[PDB]
There are 2 protein chains.
Amino acid sequence: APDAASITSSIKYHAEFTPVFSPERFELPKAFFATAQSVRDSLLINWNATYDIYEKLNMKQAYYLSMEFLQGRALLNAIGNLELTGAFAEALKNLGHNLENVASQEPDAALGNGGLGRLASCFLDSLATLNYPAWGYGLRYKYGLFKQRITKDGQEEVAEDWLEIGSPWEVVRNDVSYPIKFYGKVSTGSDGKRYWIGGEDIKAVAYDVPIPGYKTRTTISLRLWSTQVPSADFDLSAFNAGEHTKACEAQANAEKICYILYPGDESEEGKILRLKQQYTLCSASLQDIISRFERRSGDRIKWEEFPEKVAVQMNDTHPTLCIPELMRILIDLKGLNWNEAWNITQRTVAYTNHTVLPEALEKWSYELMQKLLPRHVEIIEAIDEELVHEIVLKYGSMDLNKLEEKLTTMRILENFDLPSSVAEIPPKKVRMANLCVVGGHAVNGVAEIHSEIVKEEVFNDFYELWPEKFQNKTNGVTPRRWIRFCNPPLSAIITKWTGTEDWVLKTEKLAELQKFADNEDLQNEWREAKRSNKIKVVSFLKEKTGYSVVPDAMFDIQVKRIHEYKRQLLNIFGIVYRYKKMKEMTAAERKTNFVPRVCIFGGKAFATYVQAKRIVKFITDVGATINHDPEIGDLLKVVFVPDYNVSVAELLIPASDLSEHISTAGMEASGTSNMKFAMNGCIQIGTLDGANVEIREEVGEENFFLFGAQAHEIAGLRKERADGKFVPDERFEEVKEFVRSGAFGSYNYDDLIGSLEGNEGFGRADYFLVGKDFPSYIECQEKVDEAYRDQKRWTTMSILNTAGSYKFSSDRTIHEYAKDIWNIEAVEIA
Amino acid sequence: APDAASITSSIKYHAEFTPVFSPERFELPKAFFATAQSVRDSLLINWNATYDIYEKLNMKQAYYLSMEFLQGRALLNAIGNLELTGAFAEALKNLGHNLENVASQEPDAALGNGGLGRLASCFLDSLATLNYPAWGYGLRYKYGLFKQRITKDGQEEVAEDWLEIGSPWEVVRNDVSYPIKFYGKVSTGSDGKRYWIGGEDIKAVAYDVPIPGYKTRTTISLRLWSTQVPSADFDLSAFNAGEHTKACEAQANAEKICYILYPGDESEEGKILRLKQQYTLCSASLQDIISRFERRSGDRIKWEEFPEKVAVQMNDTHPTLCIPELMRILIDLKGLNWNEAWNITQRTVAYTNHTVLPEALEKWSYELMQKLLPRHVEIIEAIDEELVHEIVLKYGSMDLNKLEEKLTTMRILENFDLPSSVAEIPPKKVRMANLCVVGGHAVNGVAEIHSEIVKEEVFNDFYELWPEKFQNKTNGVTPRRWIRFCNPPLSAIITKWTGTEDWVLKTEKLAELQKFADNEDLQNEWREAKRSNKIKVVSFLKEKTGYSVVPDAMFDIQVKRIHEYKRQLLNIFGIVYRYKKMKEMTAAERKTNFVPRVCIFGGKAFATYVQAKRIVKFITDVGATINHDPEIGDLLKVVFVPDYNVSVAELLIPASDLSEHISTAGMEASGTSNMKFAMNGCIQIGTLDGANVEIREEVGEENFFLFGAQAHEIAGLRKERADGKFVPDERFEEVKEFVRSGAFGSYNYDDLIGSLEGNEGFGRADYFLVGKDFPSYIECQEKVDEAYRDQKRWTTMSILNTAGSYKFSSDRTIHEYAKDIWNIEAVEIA
């Protein structure tokens, strides 16, 4: 049991004896690594304790595969779970530091981007907190996706620096390498089996990132792969001949696999890279898993037993190749018969779909996949025939016209001849999501509504063939990180008023506050914790944005990907209006009409999404004009927080008042940010889509600002536009002409306002009904104004947001996955 | 004071808590790193203890700059010096290992190639053993020079793998980075000073390799530089556009600097790289040094004081740019006046020449150096004018014809106009060695004879201008590594018969054996230690060469660079003859005539040295034919040890009988291998050149086989050849026709034997007098045969080799440098 003094010794020890700096003084950078490595000593004891048990017991284990994990800062949560936040903060005071300044140093480990990541991350938290044997597998990205710079011109992008000095967490296993292969050819041995040789050979090496659980010893892995070449593959002959580039070809191709997340794929090159990324993650991971099986088996190796021991969850369509791969392994190497193998595959692999719209499901070039994975392309032609012959066995061929509709929808091979058929240059493609349904024993959406959309729209024919497959597992975000750690003054309120700490685990007890939401003592405590959390943000803002804001205003946050469809353009238009009105006022009138506000925008645009970037540009120009208008004072501020990520969120969220999720209704599959915002008492404003539904519900209709069109209407409202039947509001045109006046800088936004106007055109005619939803929105904002003025009401609305969250704990979501897909029971670690 | 038990704890601790492997079992690879890091804990305590004192005292410090250090295996010597060889070997037994199998793992750290390196290495040993404040500065080579593979075809080359897993010794200082610059332009500020901007900017980062001293706490650094780029220099825009190569340009150029040692320089590219390598080492090192000065100074910074605190020794012509650089710094940044600066430069910088033949001294392209270092090229034109105007002040211009001879020899700028002159397309070059004499306060050769060659041939005119400069510092090799550690059964004999251990330090006591060389007890002990050491080699050989040899034969070693001029061709010809004669014999006769022998060859050829490679090829073919001739048995074996290096040597040397150094007399500047061989009782056979002289002398004429022409004769003997006045021996033609018969494989060596024949031609007519020296050599080998048959004699000859070595301790060589060039006194570390 470590004490503050023992820890101080550990920090010192590392600071000197395993250093990455000069030995002079104890500056922050050094202080972090020393502190971090001190933690990691503990993390390892448990990682080993855990490894041993999982190994000796030989029970089932789950393997969560994801192209992205968005782990963020590991430090505070690592020490939190260990229950040492106090010994560490005292030992750091002894060494002339404070914990928050030490945590400041750590970069966000950039191995992911979006919810897809953050989910996968949250999940690992749970999986370990609850003692469930499961690892995460991912790529180890050098340069993340990118870092965002907000400048006079808008967004600029620069490669991430997180591994500049290296990561103090990761533990490199050099005896864990697996061979990967691309290109080359296949041929049949005189034993029978097929043999895939030639092309390129590279290596994949394991780096384990420990994950510890809250109040438990259970410590699992996020094993990230790193691609490279053996040194011998350096061409000396050429390097010395002068051709330096030519000599590095080998390792440069082999390494670029792990450079950036989601590489540009416009060119053939980008595509091949993407594909490599995928196949690597798959083959590497599976290989490692199989090896662990074999090892744990000993003499009694029963391939029968595989799916009873292992479960592989493809987080979206990326890890798809797990299927043709696991088959290839079990056929060409393990030497089992096609069926036996296919059985084991189906019974191990599971799909988790994330997309709403058939077209967001990934489709590959045949000739490409052919040329890169030519053994896999054969296994995929065999799984397409197994399907074509079971669609012939069901339904039959009385209809012919319906057997052709069934085959067209469900066949994995697009634009092909059928095998043996009856009926008396479009480019060949491979549908991945199709292959995912066919191979896996389970398919799951991520929200009630979505999981139904998959059954009754996305995968209909499939649903009817195997309805037993389809499931739902509504998203959740971990409360450790998103409450207990990121928001301590709330966490104290919560512990006091529920009477124990146990709520960090037993998150249901969140609801026990329902009965106090009226209380004036809890109200004051609540409003005090929320200021407290905002005070920290005023500083961060000053710093990163260059703007001073008051803490006595509403914090109005829209942090999520900058896309037309998320409709930041809407939020800002909402601001632009509230401003314009302010200007046509008096001082007396202004204070009366509007409440003091700080409208926080955040998130990353594409690179070549001309418009997305023109928006961030707009937002900044708006803010500029406003924040430095002398008449506005502190009644309104508009900033744009640069380089939004886990940490940024860990600071904005605990200090939000209102959080927008105003995406064109029905397009959003779930959402995670809200689930957080909710937990921290933030009041949400949104259209009725994704989670917005399930949150609104769980928290109460009178605790969530709704507005705009709904799912059903959209087809019709787009028809109205399409026929020249839309009449805009006159306040919308008021904003539009105001921008064309030049009231926000000399930057011309005529091409921005262009995409809003017309009836037709790929980038015209306001496809996302910003014009349509505008009135209902700005009206809804008046209602927020109204609501905030009643502070007693507002505070209650907040308290209830928190009380109604407890079902969005990832703990729940996982329990569901663990019990209803993977079939894994807990493992106690004594 | 660590005990075996404390060490075991340390090894365990690291094996688990700072690992580079999976946690399963304690296999050798893991066992090494754990053991090594355990050592490095100790190394650091001292490195810090030492750092503090050198820092607080602020005395003078020396800085040995070298393009190559050949450090070899650090482990055994590190523990040796610490006096823990025994605690470590016991703790490794506790963990189910033995020390020698643990040491087996460690790769030779490949940061160097030849003596030039090994010297620099030996020196650091001393410098620290004797408590002299001095560091080494070098480049940190990723792939060394190369690894040698000996195959059916001969030598192949593959990039070194030493950093494959990373080095457990090196300590990376991330807060130690200095900016380097190439290309770009210069311009004059309106303050006066010159400003060099533009081109390329890169970074150089310090990695400290500790060196501990024998029986002392004094632990200094071999600070190696690593070149790189800040992450921000990764082109996201391009990478995502598809152009992956284009995006990495920045770091690929910046990194390739530290890839391989001596890159091929035939092409313009190779040259620029070479130059970069140099300038980096220089600027980086100096910057670091200056910084340490400034820091140690505080308020009282006196630039006057610089040379009184600092000394920089350019190990050969490589680190030359230290001069124009230190000037540039002291002028453009420190802002001092030209003279004051030039004074400080001369008084700090010192040259150590290594070459005999004016043409082996490095000369650069002007337009190249111009375009790469254009600020330095100006400083070099100013130092050339300072010289031209002092050659005008001395001598005068009564002669004119002699002032032109003086200027032509001594001017740093080759092929230029003079400034202001009297006298009423050859490519512009920069002579580096010339610049080295001009800037430095000291110039030194490496042997008596050589140091005279520099005064009276190489640098004559210069000698007469400033004869006060010229020195000698004869080479030495450290006895810790090359006796006490690499040869323990001798080391026991030595400790016993001298009566204390103190000889490891006080190496003079080696001579105390002179009086026992007759003794029969010491003789037996000596012959027993030498077998013992050979037994180990029989095994290594079997292993790496694939040949089983007896231990009861003479071990005849020629290990050094494979060059025509080192004349391996001679040794082997010597074998070929002794063989041929064997064949024309009977069994009775053979045993009578020849002694049992194992002729060991080793070392690396160039890549594009067609002949050097054809030789290793020959040697292997010869060996093949012989070793598997049934008539020869164990009377003769010829092997070729692949990938000769420090470790190979640490094994061959303690077990040599005879060691050849048979290079065409007078061409060799010193030699270090012999100095070792000597120390270990090996009897040398050689021509009278370099060290051969000083060794022969110190050990006794009747203890060293001499042969062949001498220095003076060579011009005349080449004249005899040139005029068609050479008559070959008839045994030489006997060998030559025997090879043309095809007695050694089907491989045709007609082009090999070609280079021996004729009168003229760049690659013809036996320029290296192999034909001429052949008779005298093979005659000399009969004398070795004779000598070995008398075992009592032979053993005595051996004992005396050892007794007469003690002046070749690097301890001596350094003391000399320390006292007579650098002016540095000892620093005790309590």
# chains A, B, ... in the order shown; residues from 1 in each chain; ligands from 1
>>> select_by_dssp(residues="range 130-243 of chain A", states="alpha helix (DSSP H)", output="PyMOL selection string")
chain A and resi 236-241
>>> write_last_selection(atoms="C-alpha atoms", output="compact mmCIF listing (two decimals), in the first residue's frame")
# COMPACT_ATOMS: atom_id res chain seq x y z
CA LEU A 236 23.55 -0.52 -48.48
CA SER A 237 24.55 -1.06 -52.11
CA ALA A 238 22.19 1.74 -53.18
CA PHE A 239 22.65 4.13 -50.22
CA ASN A 240 26.41 4.20 -50.89
CA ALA A 241 25.76 4.49 -54.63
>>> interface_residues(of="chain B", to="chain A", cutoff="6 Å", atoms="only C-alpha atoms", output="list in words")
residues 17, 20, 21, 22, 41, 158, 159, 161, 172, 173, 174, 175, 231, 232, 240, 242, 263, 264, 267, 269 and 270 of chain B
>>> residues_around(residues="residue 149 in chain A", least_positions_apart="5", cutoff="7 Å", atoms="only C-alpha atoms", output="list in words")
residues 155, 156, 157, 642 and 643 of chain A
>>> closest_residue(among="A:812, A:428, A:542, A:560", to="residue 123 in chain A", atoms="only C-alpha atoms")
A:812
>>> select_by_dssp(residues="range 102-137 of chain A", states="strand (DSSP E or B)", output="MDAnalysis selection string")
chainID A and resid 109 134:137
>>> atom_distance(atom1="CA of residue 358 in chain A", atom2="CA of residue 461 in chain A")
13.7 Å
>>> closest_residue(among="B:702, B:634, B:723, B:773", to="residue 665 in chain B", atoms="only C-alpha atoms")
B:773
>>> residues_around(residues="range 674-682 of chain B", least_positions_apart="6", cutoff="6 Å", atoms="only C-alpha atoms", output="list in words")
residues 653, 654, 656, 657, 658, 798, 799, 801, 802 and 805 of chain B
>>> closest_residue(among="A:109, A:341, A:559, A:247", to="residue 303 in chain A", atoms="only C-alpha atoms")
A:341
>>> closest_residue(among="B:216, B:726, B:192, B:400", to="residue 333 in chain B", atoms="only C-alpha atoms")
B:192
>>> residues_around(residues="residue 447 in chain B", least_positions_apart="2", cutoff="6 Å", atoms="only C-alpha atoms", output="ChimeraX atom specification")
/B:445,449-451,474,670
>>> atom_distance(atom1="CA of residue 306 in chain A", atom2="CA of residue 348 in chain A")
7.8 Å
>>> residues_around(residues="residue 711 in chain A", least_positions_apart="4", cutoff="12 Å", atoms="only C-alpha atoms", output="list in words")
residues 449, 450, 453, 663, 664, 665, 666, 667, 668, 687, 688, 689, 690, 693, 715, 716, 717 and 718 of chain A
>>> write_last_selection(atoms="C-alpha atoms", output="compact mmCIF listing (two decimals), in the first residue's frame")
# COMPACT_ATOMS: atom_id res chain seq x y z
CA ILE A 449 -34.16 3.88 -33.36
CA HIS A 450 -30.97 3.17 -35.32
CA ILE A 453 -33.30 1.40 -39.05
CA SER A 663 -27.74 18.21 -36.76
CA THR A 664 -30.38 17.81 -39.55
CA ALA A 665 -32.78 15.46 -37.77
CA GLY A 666 -32.53 11.73 -38.38
CA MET A 667 -29.03 11.65 -39.88
CA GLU A 668 -27.24 11.09 -36.55
CA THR A 687 -33.32 18.21 -32.99
CA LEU A 688 -35.03 14.89 -32.35
CA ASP A 689 -32.36 12.48 -33.55
CA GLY A 690 -29.91 9.84 -32.36
CA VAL A 693 -34.35 11.09 -28.15
CA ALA A 715 -38.15 14.03 -47.65
CA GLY A 716 -41.18 16.31 -47.99
CA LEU A 717 -39.35 19.51 -47.03
CA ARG A 718 -36.64 18.71 -49.61
>>> closest_residue(among="B:806, B:183, B:606, B:293", to="residue 148 in chain B", atoms="only C-alpha atoms")
B:606
>>> residues_around(residues="range 576-590 of chain B", least_positions_apart="3", cutoff="10 Å", atoms="only C-alpha atoms", output="VMD selection string")
chain B and resid 570 to 573 593 to 596 619 622 to 623 626 629 631 to 632 635 to 636 731 to 732 734 to 736 738 to 739 743 to 744 778 781 to 782
>>> atom_distance(atom1="CA of residue 168 in chain B", atom2="CA of residue 108 in chain B")
12.3 Å
>>> closest_residue(among="A:286, A:361, A:78, A:824", to="residue 210 in chain A", atoms="only C-alpha atoms")
A:78
